[PDB]
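Okay, so here's the structure we're looking at.
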Amino acid sequence: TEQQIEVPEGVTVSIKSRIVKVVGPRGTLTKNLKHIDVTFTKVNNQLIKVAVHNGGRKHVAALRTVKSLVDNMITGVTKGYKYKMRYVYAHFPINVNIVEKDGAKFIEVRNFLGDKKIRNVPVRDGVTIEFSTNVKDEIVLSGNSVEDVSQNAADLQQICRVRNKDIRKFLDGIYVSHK
RNA sequence: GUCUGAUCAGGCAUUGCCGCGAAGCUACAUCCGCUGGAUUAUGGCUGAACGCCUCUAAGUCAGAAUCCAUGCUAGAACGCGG
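Residues 99 to 277, numbered by my numbering, are exactly what the first sequence covers, in order.
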C-alpha cells in the first residue's frame with residue numbers, strides 16, 4: 099500500500115534516494131531508508147509518501163517502518179527523546195564522569211563492583227547526556243537523533259554488565275529503567 | 001728392567017706408564033621473548049512482521065584464548081633490484 103507523512107513549519111524533510119534528512123533546531127539527522135522495490139523518494143510538497151505495489155509478511159514490515167522513523171526523526175530533532183537508566187551500586191561508591199571537560203566523546207564508569215581499574219566506552223553522535231541535577235541515581239540521554247540517543251544507553255550498559263561477578267547478588271550494574 | 005763403553009748424561013717401552021694445571025670447546029649454564037584486523041554465543045538500541053510489544057524485514061551498535069596479524073627465513077607464482 100502507500101502511506102502519508104506531513105512536515106510542520108520549522109522542519110524540512112528531504113529524502114534523496116535512500117538517504118533521508120530531517121531538519122530541526124537540535125540537529126539534522128541522517129539514516130538510510132529503502133527495502134526491496136519500495137520507493138520513499140516521492141516528495142509531494144509537504145507529504146513525503148512511501149509507496150510499494152507488492153505485499154507479503156516480511157515485505158509489509160518495511161512499508162510501515164520507513165513511515166514511522168520520519169515521524170520519530172521529527173520528534174527527535176525538534177523535541178528530543180529521553181531514554182532512562184540508573185546507576186545502581188551495592189556497597190562501593192560508583193563514580194562517573196560525563197561528556198564534558200574530561201570526556202572527549204567518552205563516558206566512564208570506575209569503581210564498578212570493586213574496580214581499581216576502569217571500564218570505558220565511547221559515545222555516539224551529538225548526544226547531550228544529562229547526568230544529574232545536583233546528584234542523582236538516574237542518567238538520562240537526550241540528543242538530536244532517536245537511535246544515536248539511546249545508543250548511549252547501549253554503550254553504557256554493555257561495557258559494565260555484571261558478568262565476572264553475579265547480577266543476582268551483586269547490585270553494581272547500570273540497568274535500564276524503562277524505554 | 002735394559003741399551004747408548006762404563007760411571008754419567010740421556011732414550012725407547014709398559015694406555016696420556018701411573019700422579020697434577022692452563023690452550024680449544026661446553027653445561028650441571030648464561031641471555032631473551034605478544035600488533036592491528038575480522039566476528040560468535042550473549043546483552044541491547046531505534047523500530048517491524050502484528051493497533052500493543054520485542055535485537056531484523058528497512059535501520060543501527062557494543063562484543064571471546066582460538067580466529068587473525070604483529071616478530072624472524074624466502075626461484076614475481078616469494079632471493080625484492082640499483
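Every residue gets a Cβ at the ideal spot worked out from N, C-alpha and C, and that includes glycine.
Asked: If you drop the 5 nearest sequence neighbours on each side, which residues of the same chain put their C-beta closer than 8 Å to that of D253?; Found: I205, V219, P220, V221 and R222
Asked: Which of the three DSSP states is assigned to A149 in this structure?; Found: strand
Asked: Buried or exposed for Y185, please, with buried defined as at least 16 other CB atoms from any protein chain shown within 10 angstroms of its CB.; Found: buried
Asked: List the endpoints of the continuous beta strand (DSSP E) containing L127.; Found: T126 to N130
Asked: Within its chain, find whatever has a CB closer than 6 Å to the CB of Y187; leave out the 5 residues flanking it on each side and keep chain order.; Found: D270
Asked: Which full runs of the beta strand (DSSP E) of 3+ residues lie inside the region 149-210, going along the chain?; Found: 182-186, 193-195 and 204-208
Asked: Checking the sheet assignment: what are the DSSP bridge partners for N218?; Found: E206
Asked: What three-state label does DSSP hand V136 in the structure shown?; Found: coil
Asked: Among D264, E100 and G174, which has the Cα closest to the Cα of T139?; Found: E100
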